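The data below hold one chain only, encoded as structure tokens and taken in the form deposited in one PDB entry.
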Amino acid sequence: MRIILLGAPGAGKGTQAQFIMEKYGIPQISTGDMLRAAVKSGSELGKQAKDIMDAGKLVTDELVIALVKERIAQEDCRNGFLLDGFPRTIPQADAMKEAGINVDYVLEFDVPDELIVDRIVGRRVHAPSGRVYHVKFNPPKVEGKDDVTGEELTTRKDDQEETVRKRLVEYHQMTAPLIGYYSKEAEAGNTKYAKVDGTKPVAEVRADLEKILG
């Protein structure tokens, strides 16, 4: 089972990415996570991303499509995967079509622009695993520590009001058009489209997803 998460920044795609992963098995492919790992481990394929990311700008299609093509490669993704943060553009979406990468479901996480700044300013992550918390809306069992390894949590470098603003716009310019893209795919029968209310409580969106899938 292949799946795509599609939504504004802070819409809770990642938070939902974890669940589907542990409950269905399929690995979670988060471009942003890979970019941040690579940027930190100084990998050759990704380290370049650094300045762009911290600016709020999207990274060049070519670099990202590569990474994804390299990760889907792994044998863990032979039974399905979860593209969480990709595609982010028509080119990127197009590139997947030619490569013959079909998805079973496309899930649009609907969340208002006004809700975004506050979700994001209070988001903390366990970088090593990408596990994502929120100091108020979905905190850790122990303040400042990852629930599975007890490791200190951190705040993302690009998680600041200003950068979130720049981030929202690009979303509206480049990514947003994709809702239309997959709507059309869904209409042709190529995929299954599903919008869900991302303002609801985590535990609740979780159940909506479970209704949509199985």
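We call the rigid core whatever largest set of C-alpha positions still superposes within 1.5 Å between the two forms. Quick note: we count residues from 1 along the sequence shown, nothing fancier.
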property: Stretch exceeding the other in mean C-alpha B-factor - 76 to 84, 129 to 137; result: 76 to 84
property: Stretch with the higher entry mean CA B-factor, where the candidates are 41 to 49 and 166 to 174; result: 41 to 49
property: Candidate set 35, 66, 148, 58 [ranked by C-alpha B-factor, highest]; result: 148
property: Residue with highest C-alpha B-factor in the PDB entry, from 106, 117, 101, 93; result: 101
property: Position of residue 6 among the chain's modelled residues by C-alpha B-factor, lowest, middle or highest third; result: lowest
property: Third assignment of residue 198 from its chain's C-alpha B-factors; result: lowest
property: CA B-factor ranking of residue 158, expressed as a third of its chain; result: lowest
property: Relative C-alpha B-factor of residue 183, binned into the chain's lowest, middle or highest third; result: highest
property: For residue 12, the third of its chain into which the C-alpha B factor falls; result: middle
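Beyond the structure shown, there is the form deposited in another entry, which is absent from this document and is the topic of what follows.
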query: Core-fitted Cα difference of 2 Å or more between this form and the one not shown, single residue among 72, 103, 95, 127; finding: 127
query: Rigid core fit then residue 173 CA moved by 2 Å or more between this form and the one not shown; finding: no
query: Large Cα shift (2 Å or above) at residue 149 between this form and the one not shown, core-fitted; finding: yes
query: Core fit, then residue 45 C-alpha moves 2 Å or more between this form and the one not shown; finding: yes
